[PDB]
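All chains are identified by letter, namely A, B, C, D, E and F, in their written order; residue positions are counted from 1 within each chain.
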């Protein structure tokens, strides 16, 4: 019912606490397996590398999905995109090990050329339906001034895949060959400007930064002079709001708030 | 009139632009509207979004036509219902919901749920209807609604605005003209499902009919589901209500046509 | 980048100020310092003059080369049932050539994608990069694709495509045939967003306003007297909005940020 | 109509299928046709392809409507003519060519020369017209013409056949119905520009008018060009002529609608 | 590695010795086949007789239906959504009459079947799961075939067969269990250039009854024209096979579907 | 001279006098040609012999490779990214053996070559720069060609040739220096309807060695079947040219690629 209620603030608090059982305090309660979905090789480590270490240690299985092949990411006129792909595959495998990640799916869409297509949704759902994960981390597609199409696409496609994985009529051949529908229990947005849940990474920062530099191709010493200070400044932004030094921010909301929720911004 | 060049305050020029130049009436914005389109992504989006307001407009004697972008093919967790069945069902569910609110005509584009293109082709389909029904008003979902993760919603919002904007251009889908349909300018644009509403409608009296017209969509709202949705729908009506100083309201964003293009102060309404 | 350790910082506000001033050398005060050549990228014929026509005059006068890229052909922009889109294109080409001269713009590239039908495709990125790589410009102006309530697809597309083209122009693996036929990669030094609701850098145009408005009306097809009764007051009201924030009468606003902030920068909004 | 199962020769069943079951009339195939569409990829394709036949049909009192798929934007080597100019020009050139042959109405889709999609959207546009003009006949270029390297031609051929086939299905572009246009079945399909024609038309009397109506397209045929095209166009008319036992003829391939689907003996006509 | 100097010699040696191409008994070691149909009814109309004979000889036959049949009615009262639901049941009944147990439905909309990468990926996924020995698909080179769903299905089928064995193609299929697969046999049905026939004179009455199972597609109005047609087709194929009623197929070695200028000579 | 009443007369006069079509020595004034190949190896397999002979007679030959060869291995250990890198080196070595110095790589992915406007624009850009006299491309009408990248390359090549001289097509090409260009000669390789041949009996062993340069595509397993095939192809072409081993091409006037119902008669 809820007919008896006359205040919005009352109905809001009752909707989150009683109806949805939304737990912002310990939101990872029953999570044994998560997917981290990264646009490019290095996006998971840069975005939430610290948190992935902490989850790996607490004994939680972490699987990467890498949307693109990193083909474009060099100014060096001597490295063909084909070489760079081969390289950045090895660089992610090394970064992965340092953080405790064992499995990585490679979609192999070309860097800069990631469709916001039905086909890519179907690919992501196939994996979600197989690995039956409890949680999914994906980049916030509403991050202001994000000018990289592969990031915007990955964010939207991830949410669509999460939302449609439980619908048996969606990519129905997945069912006809064994894969049953699946509902993810937890959705975390990384790389967000409106985080509502933080993770202290002050202890783990040095490992995070070493696991980033594992991506040698992306971070020679030239480049690293600018990126190290940046990455620290990011951790401090998140830290300020979490009252620690170095933190990683995430936006966590109930699945319901990703649809026709005009008060979604109030968490 | 007197010279606009003479103005030195923005606040002055702004108030003069809205009141004198545009004649923008936030007070009674539906003044001369005899016919409106409500554009819904899925079967149930009109009734959930602005079902109350549709009843009130139907009663005040205003013709209300639905355009449904998709067929609802995907919207069941029941492994026994093919998308083809569910479409057939949700067509009947919208026809029943429609009658309860006083809506007589519904156009079905029949784009598949989850597979609504943001294509030129879909704009052409919407314009064709607008040009035929010559409506005074169009309601459509705010495509800028924060955290809206459903592509069919984002698409419908953008496509609707594009269709409104391009319906009056004779060079757009010119075959429409060559077969009878003359260009048309809509007089009124309302965004429903918005987090930035500037105009409200008391629905406290009509809430029980609205909720009954939602449950008409049996396939979407068994009792399991309805335990969570009823409280939600009420919480939404209260959010809108708070800002309108009533209990249960429906919010809309209404702006002048001009503000949907290169208007850096559009947010200030 | 002096004596001090970046690890030793415990305040965000400190690290932020040090990132912008020392690491990035971000100059919001005089951001155009060493710019001899800019591209202005416009969705339709008239978008450059309406958006930043004043600023283009001032840059032309200070001796800076300004090149237009026009994404579309303006084919759709008339209610007159007698003008075919093919006529209107031909017309608006001449109207932009006249507007261009009044502002000191000599070169204009026409992509000739049809008005209302501008793809957000790879192909269009390749076209923009080709030009950037040829003209090796120091600066690019493009419309803010995050402008609230912008309902025109050609505007949203142009904004995104422009940023992508800027970002990918320096990657030799992107449209590699461009290289194989002479065009070397290029890094733009400056990015300005026009038509933005979050400007951080202004330009007094109070002196230039009357020329700007005359250069807009050069687009006769788009601004008969009927229409102009509503647009003149609007355009002035816009200049005042920007003016208020710049403490002058009539200004043009731009959003200028470091290249890095267009990617995974959660504090990008704080500028 | 008497006892099909007891046939044991193919040749018998074939002759009975064409004569009795389909009533296929290769002799006088235009019997009851009062209105036809000629579908041309570019401005000039109808006059070059079947200009003579169009004159003869116009004279015998039959209404002939052009559909032009593209705008001709690309068709000049002159570095001074923008595609926008050339479109405007070739529109006037087709209007003058049209009058010389007795054609009053022309639909312009305005897809750009070289950029004609083989999309669903273009089928929907063609069906809209077919459903309005309710024509008895449609002429379109044979998409199986060997070594045809122009995509706009291949596309137009396929799209035309699809539009003919789908015009009578009420579930196809259903909004067409919801706004007045009822389904329509075309009675006659003619392929022009074909290497396997089965029906000819003497144009020996009309040739000089045809050639004058081609040159109406000044932009496409200066004197330089015309030195090579006039002899070509005559050589084509002779190829068709040889098979029709006249001097100058126009060839068409006419088959029953059914043979455009899963007909392994389609080639035997 | 012979320096042979006649083409006719090298040709006969290529087919018989190098490729072991058996036009005589080409189904030798086939325990499982896919029949790929554009629309519900295309398998039964095309090769319904042959499917019965393969079912009886104990061979597993699986249907893949590309489209939903949404468009296939002139009746202004039947929504495409109804017609889909109906034609699903009609194919299930037709299927049983011929001994077909499993049917995959891609549910691409009738008239709207993309020739996209995405559709290739869908077909490969199935091929890689069912590991079939054989695939039947409609000849995309059939002259005057004006139905896009048919042309598309033909091309997509061949592409799927060709790419199913490449581990780099739709690599996620592998990462979740499905290993690459090489089909051993490719049959084109609905072809004007058949090189292998099947007597269906005994089975014809069942075939025709299994077609009429598709009530929506064949009321009595329509059936007056289709029955004679379907018989005339069987006779065309029959004439070349020296029986009354036959079904024709084009069977070639995998290799001949690529850069083979003498492919036509079989 | 309108007053002709035989077709055969007008036809012979059209080819000889009006068009000056020279099937006898069609390469007369050609100093530079493009060979357009779908995959790395398609030029050497298709017309490798002819490329050697043109290189020797002092004619510049440039390759355009549409795809990256990413898919072309059954080996589950080679990522497509590795295979691309490899086949680049394999084509560079094959190229040198035949006298080819320059190669353009479009880097569209194997199996994923769009028949898009964008790809036409890419090909025209090159044609307009290199101003070649001749272009060789695979016959898109080759019967039973089931590889989409081949069909696409054929069509795209013809479109690029046809549109390179139109200043309104990809107009930015002009605005940055590249003037329009008309190719003088079009040769279709990999065709079943050739009208012009080239003896390669002398060059065969080099051709075959230049093919095997593509190690990734031709281990010894594979080569057992391909060597006999490649010889059988050369013999097919040879038979019609009255030599042992030949390469066939279809050469027609530019005009015959449009609305020419007698195009087949050459």
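The working rule: contacts are C-beta pairs under 8 Å (C-beta built on N, C-alpha and C of every residue); 3 or more make two chains touch, one makes a residue touch a chain.
**Q** In terms of residue numbering, is the interface formed by subunit E and subunit F classified as same (over half shared) or different (under half shared)?
**A** Mostly different residues.
**Q** Calculate how many whole Å lie between the centre of subunit B and the centre of subunit F, each centre taken as the average of the chain's C-alpha atoms.
**A** 56
**Q** From the C-alpha centre of subunit E to that of subunit F, how far is it in Å?
**A** 33
**Q** How big is the gap, in whole Å, between where the Cα atoms of subunit A centre and where those of subunit F centre?
**A** 47
**Q** Where in subunit D do residues touch two or more of the other chains?
**A** 82-83, 110, 120
**Q** Should the pattern of chain-chain touching be classed as line, ring, star, complete or other?
**A** Shape = other; not a path, cycle, star or full graph.
**Q** What's the complete list of touching chain pairs for this entry?
**A** In this structure, the chains touch in these pairs: A-B, A-C, A-E, A-F, B-C, B-D, B-E, C-D, C-F, D-E, D-F, E-F.
**Q** Show which residues of subunit C lie in contact with subunit D when the two form their complex.
**A** Checking each residue of subunit C against subunit D gives 73, 84-87, 89-90, 93, 112, 114.
**Q** Applying the document's contact rule, which stretches of subunit B touch subunit C when the two form their complex?
**A** Its residues touching subunit C are 4-5, 7-10, 13-14, 16-17, 21-22, 120, 123, 144, 158, 161-162, 165-166, 168-172, 177, 183, 255, 258-267.
**Q** Under the touch definition given earlier, write down the residues of subunit C that touch subunit F in their complex.
**A** Interface residues on the subunit C side: 109-112, 121-123, 126-127, 130-131, 134, 176-177, 180-181, 183.
**Q** Could you list, by residue number, the parts of subunit E that touch subunit D in their complex?
**A** It is residues 42, 45-46, 70-76, 78-80, 83, 111-112, 138, 142-148, 150, 190-192, 194, 224-225, 227-229, 231-233, 235-239, 244, 248 of subunit E that touch subunit D.
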